[PDB]
**Q** 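One structure coming up, written as structure tokens, with questions to follow.
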Amino acid sequence: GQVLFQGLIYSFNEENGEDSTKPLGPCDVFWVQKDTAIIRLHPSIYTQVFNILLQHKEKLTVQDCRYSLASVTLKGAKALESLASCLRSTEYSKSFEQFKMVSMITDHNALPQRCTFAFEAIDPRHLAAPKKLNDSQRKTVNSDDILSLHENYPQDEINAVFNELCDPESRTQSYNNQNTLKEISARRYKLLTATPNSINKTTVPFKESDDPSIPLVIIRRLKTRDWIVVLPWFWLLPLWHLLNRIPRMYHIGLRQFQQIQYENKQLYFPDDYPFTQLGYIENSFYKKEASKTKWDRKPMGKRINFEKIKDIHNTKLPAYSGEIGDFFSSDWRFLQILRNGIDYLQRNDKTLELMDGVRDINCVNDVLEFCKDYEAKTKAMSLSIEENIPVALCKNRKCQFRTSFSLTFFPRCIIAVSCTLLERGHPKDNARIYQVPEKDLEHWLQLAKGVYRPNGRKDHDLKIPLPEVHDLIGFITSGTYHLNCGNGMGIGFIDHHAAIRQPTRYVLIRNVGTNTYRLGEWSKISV
Amino acid sequence: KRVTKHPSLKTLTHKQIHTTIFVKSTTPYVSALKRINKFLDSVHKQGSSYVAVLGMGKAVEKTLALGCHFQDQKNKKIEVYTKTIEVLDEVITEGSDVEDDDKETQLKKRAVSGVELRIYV
Amino acid sequence: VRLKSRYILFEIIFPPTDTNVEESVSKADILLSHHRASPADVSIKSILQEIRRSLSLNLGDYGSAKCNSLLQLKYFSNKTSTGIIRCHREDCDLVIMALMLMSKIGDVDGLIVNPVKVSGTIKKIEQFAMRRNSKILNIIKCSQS
Amino acid sequence: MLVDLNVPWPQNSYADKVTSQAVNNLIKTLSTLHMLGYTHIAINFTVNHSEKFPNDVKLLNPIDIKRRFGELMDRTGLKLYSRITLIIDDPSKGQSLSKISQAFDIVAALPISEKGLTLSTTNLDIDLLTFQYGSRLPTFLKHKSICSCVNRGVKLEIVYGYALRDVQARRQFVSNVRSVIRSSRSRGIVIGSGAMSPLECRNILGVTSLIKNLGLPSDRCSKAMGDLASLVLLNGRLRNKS
RNA sequence: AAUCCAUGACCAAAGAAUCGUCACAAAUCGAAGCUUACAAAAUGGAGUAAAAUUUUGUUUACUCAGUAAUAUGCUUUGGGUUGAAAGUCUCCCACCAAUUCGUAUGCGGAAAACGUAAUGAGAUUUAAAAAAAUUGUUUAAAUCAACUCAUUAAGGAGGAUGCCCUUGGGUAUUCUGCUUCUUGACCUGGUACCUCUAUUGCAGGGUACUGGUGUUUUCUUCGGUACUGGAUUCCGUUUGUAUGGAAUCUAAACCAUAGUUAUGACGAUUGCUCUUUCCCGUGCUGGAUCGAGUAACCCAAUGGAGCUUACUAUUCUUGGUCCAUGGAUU
RNA sequence: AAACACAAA
Ligand SMILES: [Mg+2]
Ligand SMILES: [Mg+2]
Ligand SMILES: [Mg+2]
């Protein structure tokens, strides 16, 4: 079906009969003619992809496209009605016959997954004004047309356009006669005097000899829910101009791109992904140094004091006395070492003690001191020697999720979940995710059901049951007020063992400076 | 059997979408009242006369409740129409171990009855 | 810079003090019997003088001196008995307590003053007055049946 | 929502029978209350501690809300509750609450002597304690008994209606309300409207501004007036039923 | 001359955070949001119980989506937003293989009366400060510090010098020198070729070449193309273009994780600066009582960047420097 | 009030 998908890429490396793979990141793979495969992804990781590809090129041909093929993204309901108002056809084709009817659908989710329209378009500088297409059969649009769209498909012209765009000879022949703005101006000035002296035409007809045919591709993405359009590098500017000329189209940026990706359920690669190598490395680095510069920039008595915050965890221990993790970044190394220590405590005894060159660790303070000592040793040298958190969503189904004294050798799997706030509260980035304890389990259930005042309104001005310290099972990476539902959406990553531990989906959320615990429920995300 | 349901085809030009509220199954009552009041106040600036209230399936009951509210509360003429809505569903047909989401998708039609509720000013 | 203003909306309500006559118990009936009309001897300078006298009589000398700096009646008509009193954001409580402690007009007796809306701009006051006037018509239309 | 729990009934003793004019004036006052905007109404009935309580159960309440105000309750859409205050002077001719607490809903007291304050703080199952705001307060309000009666649950009631009667008693009312605000430390302060005529009725904004200028903070006013009044009503209902 | 202590002067950084509460089927000092309509119960759903009917079929009385929705409620933030909102400062917010600053010019930058780096000099006796904006004082004039102006084009290769190091390699400076290549200041005259005005000499435009300062003294904008709100109707089409032509009515384009004289009211908690106290180890953003204070400039009206100018004396603070002085030791 | 100007002062 040659449909475009958005999956997770890996770095494979086999030297002699051995196979060790590492989490790489995202990628977009597309097949054409069962041989021509295009792979598009982030440049920073594209370098490594190209390297690991070129190292194995004995029976394969590689072609880089960094300054000869470009793609631009359209989002919204009326995104295809403007792309159609800009694009025109040089010769009759069924691709355009389907695209014309698609432009009137106005609903992207109603269309099926397989939707790829490619043809040869005219240069957008040729058109004077973005004239809209014929709108007369707008009322007679039923589901039979969408049913027939899956059957009727001109594969031959699609493959021809794809081979023209892939081959570097036709791609260069497209630049044969690229008329200048002065050329088009003179042609439009001389179209004033034509043979039919009854109709005023502000456009210029197409020529099969002295005119360039431009190959274009349109694909729809299911995960991101957007329409990507691919066009040569030097041809993107004339299309981009006429696209922006539509007075309902604004330019979206990387910040707003991350916002749109976070809004639905999705994730951003460098900022959100905590388990890949380069993404997590650069996340930890840039965010930690930036927050530390903003922190040390301010003087004493002007910044929030993470060191001195009382009543954060019941039965406070004299180890940190402030924040349990990192004051600036959402650190998963501390979470991993702490959970490893707690697991060792459960493996040595049924109960755990709180207060009392490897030491016989008998309390939580001993593990907190080990974490602090690891951080004090890391103060000077690089971090992330092996990893902190992998992601194993399929491995548990494949064989099993399986549970010397290192405390930092084996990592802990996490699942991508979305926890939503069901009550008063506002989340933020680098937030802490705790699990509801067993003793005060009915109080949170009654609060989630309802506790009102004699006046009638809700009642949350009560004493909260501050939980213990060994209950942190996750960190929120994308904390922003959800505007699509009216509440606080939290995008975090919780442990699978702790997910199977609880019999309920209730989870507490806390900030990095705030000492309040909000309640919510999480839902799994398959990304 | 795994089967997914997509929304129904909506072809609204520029103003049918503005003066129309699509009542979901999870849409609250008071928020619907607020949006209906806003639409009623913005109609004559959009240049229409009535406000469309479309709901199908589970939300039909509370859509009729919204209609009956403004029926006598504000004394505004309401019109109830019964229409049919066709929805396309992607089903998997039997024909190693692949992903459940990445299987053979076949489109199937399903007709459901719905209520359109117009409110005058 | 900006002068912090705070307008005050008040209503003159006449309780139907007549124990010899039986009355109808409903919403619109009592709304009509309480919003009947204002007497002819009602104006802006007659209400301003009365409130100025009551302010000095209840608060005192300094209480009237601090409050009478920006005490003006911007909009008032005797057909609907709705007035907008401008004052400072500091002395809003004083003006509200004086409007509560209003006993009677020098010639017209048997009336109460109800402060409804307090805001720092006249546009929101006008919007709230229009909303209240629209709400009043609903119970009237319902009871006319 | 608002709660008014100090509407007086035009009857002091048991012997005097009520007239139609008094009932009409009470209806006028309640209709004015509902017009200004209120939710809960609890009319009060004054009686003396020396007057002989009848040995009945179905005759203790000369109000009969169901036959008189039950039709207004259905039409205008409000509710009514029964409340009785105890004008206590001397510990004699008393020692009976298990029969007066089941009939009425809210039980109040009115001490006018120094021994009355002790008897109210020690051996009375009451919810609110009120003073004669019109005339002089009996001896002196101190923190000693006020703290011990507020820590258990008894609040102090303030009648903002008594000020609207004349001009001379306004000074005494202010001197008593500031005293009780200074002594109670602004925790258990409930407000009530003791007006029998519709010409002495006010709204929430004016009363709030008055109590704020008298010495009560803005949060205390709203919090008390709403929640403490609703809680007193709920406690009275629970005392009547279970 | 070294170190320490106290004062003063000058440069640089930032503008503490958290929780709860405030009547009205609507409200508040205000604001936004909870709308891609379905519980596969529409391929004319799945079954149970009774009567009658020679089974079908039909009439009554029920079960199933249960993680179920819960009626003016509910969640969020709002005057320094990655410090000045203040200011009669500058600039972007259509394009143009080019009469359109075709500007490879120290670096960064789309631009900026924009940031910064190395060297030399300067003070109404000067390139220019004294007898466009901004600022109460408004650069300097022993030395330092600060302002202004004048030079230094990007990358690769060879030699010399200095440092760790003495196979060798790395960094900094300086000299020779190559690579970085869109037949373009503007304008006049002559010659040669082609097209239209439907024969020619001639009249106008384009291109290739040569010659010249040629009154380019309007020393401040002067080139080309482009209907960007919404509704509906008419007509032609496998003879050609697979889409084009025109018509009627209205006024909207209304948009801020503050948004248009709004940004409220108090209560509670931690932290920050000094002072009168007690303990371990001297000390330790070591701990707890008796107390005082939480600053000033000042405030959005479309958005972003640069610069300048106001602030921090019991009217909160922080870091460093000083060929400034004061005391002591060597 | 704010915000604007080859104004005006
Ligand atoms: Mg301003
Ligand atoms: Mg100004
Ligand atoms: Mg300004």
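Below, chain A is the first sequence line, B the second, and so on; all start at residue 1. These numbers come from the heavy atoms of this one structure, side chains and all, not from hydrogens, waters or symmetry mates.
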**Q** Establish whether the base of E/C29 is bridged to the side chain of C/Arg6 by a donor-acceptor pair shorter than 3.5 Å.
**A**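 Result: no qualifying N/O pair found.
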**Q** Classify the angle between the aromatic ring planes of A/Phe234 and A/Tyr175 as parallel (below 30°), tilted (30 to 60°) or perpendicular (above 60°).
**A**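 Answer is perpendicular, since the angle exceeds 60°.
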**Q** Please state whether the rings of A/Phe119 and A/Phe96 are parallel, tilted or perpendicular, taking 30° and 60° as the class boundaries.
**A**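 Rings of A/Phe119 and A/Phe96: perpendicular, as their planes differ by over 60°.
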**Q** Within the distance-only criterion (no hydrogens, no angle test), does the side chain of C/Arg89 pair as donor or acceptor with the backbone N or O of C/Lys4 below 3.5 angstrom?
**A** no
**Q** In whole Å, what separates the P atom of E/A145 from that of E/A121?
**A** 14 Å
**Q** Is it the case that E/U36 (base atoms only) and A/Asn109 (side chain only) share a donor and an acceptor within less than 3.5 Å, ignoring hydrogens and angles?
**A** no
**Q** Kindly indicate whether the side chain of C/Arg131 and the base of E/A27 share any N or O donor-acceptor pair separated by less than 3.5 Å?
**A**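 Yes.
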**Q** Under 4.0 angstrom, heavy atoms only, what part of the nucleic acid is B/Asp89 near: base, sugar-phosphate, or nothing?
**A**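 No contact.
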**Q** Considering only heavy atoms from C-beta outward, does the side chain of B/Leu66 approach that of B/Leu117 to under 4.5 Å?
**A** no
**Q** On a whole-Å scale, what distance lies between the P atoms belonging to E/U48 and E/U56?
**A** 11 Å
**Q** Answer with base, sugar-phosphate or nothing: what part of the nucleic acid does A/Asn484 contact at a heavy-atom distance below 4.0 Å?
**A** sugar-phosphate
**Q** Quick check: any donor-acceptor pair below 3.5 Å linking the side-chain of C/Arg2 to the base of E/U263?
**A**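 Such a pair is found, so the answer is yes.
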**Q** When you check the glycosidic angle of E/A172, does it come out syn, meaning within 90° of 0, or anti?
**A**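 Here E/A172 takes the anti form, which means its glycosidic angle is more than 90° from 0.
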**Q** Contact class for C/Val1 (heavy atom, under 4.0 Å): base, sugar-phosphate, or nothing?
**A** sugar-phosphate
**Q** So, is E/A192 syn or anti if syn means the angle is within 90° of 0?
**A**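 E/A192: anti glycosidic orientation.
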**Q** Using atom P in both nucleotides, what's the gap between E/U263 and E/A132 to the nearest angstrom?
**A**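 One P to the other, the span is 41 Å.
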**Q** Has B/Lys10 got a side-chain N or O lying under 4.0 Å from the OP1 or OP2 atom of E/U36?
**A** no
**Q** Please state the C1' separation for the pair E/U285 and E/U317 - nearest whole angstrom.
**A**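 Approximately 15 Å lies between the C1' atom of E/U285 and that of E/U317.
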**Q** Between the base of E/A37 and the side chain of B/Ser8, is there a donor-acceptor distance below 3.5 Å?
**A**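 Answer is yes: a donor-acceptor pair is held.
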**Q** Is there a donor-acceptor pair under 3.5 Å between the side chain of A/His126 and the backbone N or O of A/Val204?
**A**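 Yes; at least one donor-acceptor contact below 3.5 Å.
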**Q** Less than 4.0 angstrom between a side-chain N/O of A/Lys302 and OP1 or OP2 of E/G83, yes or no?
**A** no
**Q** Does a Watson-Crick or G-U wobble pair link E/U67 to E/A146, with each of the two distances under 3.5 Å?
**A** no
**Q** Distance check, P atoms only: E/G30 and E/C34, in whole angstrom units.
**A**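 Between the two P atoms, the distance is 23 Å.
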**Q** OP1 or OP2 of E/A40 versus the side-chain N and O atoms of B/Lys5: is any pair under 4.0 Å?
**A** yes
**Q** Just checking B/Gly55: base, sugar-phosphate only, or nothing, at a heavy-atom cut-off of under 4.0 Å?
**A** base
**Q** Do E/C107 and E/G115 make a Watson-Crick or G-U wobble pair, both distances under 3.5 Å?
**A** yes
**Q** Under 4.0 Å: is that the gap between some side-chain N or O of A/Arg424 and OP1 or OP2 of E/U21?
**A** yes
**Q** Would you classify B/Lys83 as touching base, sugar-phosphate or nothing, given that sugar-phosphate means primed atoms plus P, OP1 and OP2, and contacts are heavy atoms under 4.0 Å?
**A**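 It contacts nothing in the nucleic acid.
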**Q** Does E/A113 stack on E/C114, meaning their six-ring centres are under 5.5 Å apart and the planes differ by under 30°?
**A**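 So E/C114 stacks onto its neighbour E/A113: no.
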**Q** Can you tell me if D/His34 uses its side chain to pair, donor with acceptor, with the backbone of D/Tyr38 under 3.5 Å?
**A**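 No; zero donor-acceptor contacts below 3.5 Å.
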**Q** Would you please confirm or rule out a distance under 4.0 Å between OP1 or OP2 of E/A231 and any side-chain N or O of B/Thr13?
**A**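 Result: yes.
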**Q** For A/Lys463, which contact category applies under a 4.0 Å heavy-atom criterion: base, sugar-phosphate, or nothing?
**A**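 Touches nothing.
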**Q** What base-paired stems does RNA chain F take part in, with at least 3 consecutive Watson-Crick or G-U wobble pairs and both distances under 3.5 Å?
**A** none
**Q** Out of E/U82, E/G244, E/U72, which nucleotide sits closest to the side chain of A/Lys294?
**A** E/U82
**Q** Would you measure the distance from the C1' atom in E/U318 across to the matching atom in E/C311 and give it in whole Å?
**A**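 Their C1' atoms lie roughly 16 Å apart.
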**Q** Does E/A37 have OP1 or OP2 sitting under 4.0 Å from an N or O in the side chain of B/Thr20?
**A** no
**Q** Given the P atoms of E/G8 and E/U312, what is the spacing between them in whole Å?
**A** 15 Å
**Q** For B/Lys58 and E/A41, is the shortest distance between a side-chain N/O and OP1 or OP2 below 4.0 Å?
**A** no
**Q** Just to verify, what does A/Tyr517 make a ring-ring contact (aromatic ring centres under 6.0 Å, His included) with, not counting sequence neighbours?
**A**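 With neighbours one apart ignored, the set is A/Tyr434.
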**Q** Using a heavy-atom cut-off of 4.0 Å across all strands, would you classify B/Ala111 as base, sugar-phosphate, or nothing?
**A**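 Base contact - B/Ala111 has a heavy atom under 4.0 Å of at least one base atom.
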**Q** Is it true that the neighbouring bases E/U173 and E/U174 have six-membered rings whose centres sit under 5.5 Å apart and whose planes meet at under 30°?
**A**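 Stacking test on this dinucleotide step: yes.
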**Q** Need the glycosidic conformation of E/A328: syn if within 90° of 0, anti if not. Which one?
**A** anti
**Q** Mark yes when both conditions hold for E/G212 and E/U213 (six-membered ring centres under 5.5 angstrom, interplanar angle under 30 degrees), and no otherwise.
**A**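 Result for this step: unstacked.
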**Q** Do the six-membered rings of E/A300 and E/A301 sit on top of each other, with centres under 5.5 Å apart and planes under 30° apart?
**A**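 Under the 5.5 Å and 30 degree rule, these bases do not stack.
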**Q** Touch check for D/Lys212, heavy atoms < 4.0 angstrom, all strands: base, sugar-phosphate only, or nothing?
**A** nothing
**Q** Under 4.0 Å between any heavy atoms, over every strand shown, what does A/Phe206 touch: base, sugar-phosphate, or nothing? Just pick one.
**A**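 Counting heavy atoms under 4.0 Å across all strands, no contact is made by A/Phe206.
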**Q** Would you say E/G244 has OP1 or OP2 under 4.0 Å from some side-chain N or O of A/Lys201?
**A** no
**Q** With a 4.0 Å cutoff (strictly under), does any side-chain N or O of B/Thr27 reach OP1 or OP2 of E/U35?
**A**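 Yes.
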**Q** Kindly say whether E/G30 and E/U217 qualify as a Watson-Crick or G-U pair under the rule that both distances are below 3.5 angstrom.
**A**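 Verdict: no pairing.
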**Q** For E/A40, does the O4'-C1'-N9-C4 or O4'-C1'-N1-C2 angle fall within 90° of 0, making it syn, or is it anti?
**A**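 In terms of base orientation relative to the sugar, E/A40 is syn.
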**Q** Determine: side-chain N/O of B/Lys38 to OP1/OP2 of E/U72, distance under 4.0 Å, yes or no.
**A**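 For E/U72, neither OP1 nor OP2 has a side-chain N or O of B/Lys38 closer than 4.0 Å.
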**Q** Within the structure shown, what part of the strands sits under 4.0 Å from A/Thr90 by heavy-atom distance: base, sugar-phosphate, or nothing?
**A**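 The residue A/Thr90 makes sugar-phosphate contact but no base contact.
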**Q** Using atom P in both nucleotides, what's the gap between E/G223 and E/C196 to the nearest angstrom?
**A** 33 Å
**Q** Between A/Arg457 and E/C22, is there a contact of a side-chain N or O with OP1 or OP2 at under 4.0 Å?
**A** yes
**Q** Within the pair A/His460 and E/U21, is there a side-chain N or O less than 4.0 Å away from OP1 or OP2?
**A**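 For A/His460, the contact criterion (side-chain N or O under 4.0 Å from OP1 or OP2 of E/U21) is met.
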**Q** Given the structure, check if the side chain of B/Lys34 and the base of E/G73 hold any donor-acceptor pair shorter than 3.5 Å.
**A**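 Side chain to base: pair present.
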**Q** Verify the contact: side-chain N or O of A/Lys132 to OP1 or OP2 of E/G230, cut-off strictly under 4.0 Å; return yes or no.
**A**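 Checking E/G230 against A/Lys132, a side-chain N or O does come within under 4.0 Å of OP1 or OP2.
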**Q** Between N or O atoms, less than 3.5 Å apart, protein on one side and nucleotides 257-259 of chain E on the other: list the pairs.
**A**
none

**Q** Using a 90° cut-off around 0 for syn, call E/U21 syn or anti.
**A**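 You should classify E/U21 as anti.
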**Q** Can a salt bridge be assigned to the pair B/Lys83 and B/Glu116 using a cut-off of 4.0 Å between side-chain N and carboxylate O?
**A**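 Salt bridge: yes.
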**Q** Given the structure, is E/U277 a Watson-Crick or G-U wobble partner of E/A288 (both distances under 3.5 Å)?
**A**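 Taken together, E/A288 and E/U277 make a base pair (Watson-Crick or G-U wobble, both distances under 3.5 Å).
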**Q** Are E/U257 and E/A258 stacked bases, their six-membered ring centres under 5.5 Å apart and their planes under 30 degrees apart?
**A** no
**Q** State whether A/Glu323 and A/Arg510 are salt-bridged, where the test is any N-O pair (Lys NZ or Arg NE/NH1/NH2 against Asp/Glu carboxylate O) under 4.0 Å.
**A** yes
**Q** Report which part of the nucleic acid A/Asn511 touches: base, sugar-phosphate, or nothing (heavy-atom distance under 4.0 Å, all strands).
**A** nothing
**Q** Taking only side-chain nitrogens and oxygens of A/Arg453, does any of them come within less than 4.0 Å of OP1 or OP2 of E/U21?
**A**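 It does, given that an N or O in the side chain of A/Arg453 lies less than 4.0 Å from OP1 or OP2 of E/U21.
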**Q** Give a yes or no on whether E/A129 and E/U218 are a Watson-Crick or wobble pair, applying the 3.5 Å threshold to both distances.
**A** no
